[PDB]
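The chain below stands alone, shown as structure tokens; this is the form deposited in one PDB entry.
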């Protein structure tokens, strides 16, 4: 079966524009990122400050921002959790959903920054909203039934040994909440003709989950046949950015090959799982293998690879531009 939305290839002009980076753009991204490069364990003041920063940043851009807050039992007793959901146009029937987690792992060996996991993804989502604001606010006026939604999940990480009960606290909560929140096409703005809408989950047209980004030379694969048409757009955009010479490489005549034109057989548990179980199409932008620094005290700012981050930002900007026809 074909993708429900006809995917119009990005015009050359728009590809080039979205693949342009400046000293002020790098500076802007890095300033955003600084806010996330702090320990932010569930229950901590810094976690609260990060949550408030996400909310303020998106409210300042005139997005609708909701906090899905709840208390949940954990192996460390009751803990507070708050997912942050920002929606550009709440009324639009369908959402392109970009997501990541904003909590950091409580590491027994010491203070853990989780720079790739997932400070960089968090910053990338805010950077997209900021850098594309003009075009997004214009798109919102079209009445086309599509919008952008950003979800910053809380409580992705386990408190002790990962288990079905000790992990994915925010995403399990939100998926259940949205599944139980009934709605219909008649109550929504401009749903696609062949749409089956019974609850809020059904409005998530695709969820693109970013995780463990910021290390050098990530390798992505298509994890879900259901979203192959969307994944292939990422492959194509990356190829075109390379053709245009807009990727940062250590030497001339090299190309990035982050999005492998293949699928892989690998099972990764992450925030997409509760949504996948409710039929939400998933694109999982997570490297395989994981960064070498994964869950070590070395997952810090200096182990990030800035040229890679810049290249990913270009791919993501171009992807959002293509999907929303910005």
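Positions refer to the first chain, counted from 1. Only residues modelled in both forms are compared. For clarity, a rigid core is taken as the largest C-alpha set superposing within 1.5 Å between two forms.
The same protein also exists as the form deposited in another entry; that form is not shown, yet it is the one meant from here on.
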query: With the core lined up, does the C-alpha of residue 269 move 2 Å or more between the shown form and the other one?
result: yes
task: Explain in one word, closer or farther, how the Cα atoms of residue 266 and residue 225 are placed in that other deposited form relative to this form, where the distance changes by 3 Å or more.
output: closer
message: Closer or farther: the C-alpha atoms of residue 268 and residue 301 in that other deposited form, versus the form shown, with a change of 3 angstroms or more?
response: farther
- prompt: Tell me, which consecutive runs of three or more residues change place between the shown form and the other one by 2 Å or more at the CA, with the core overlaid?
  reply: 263-273
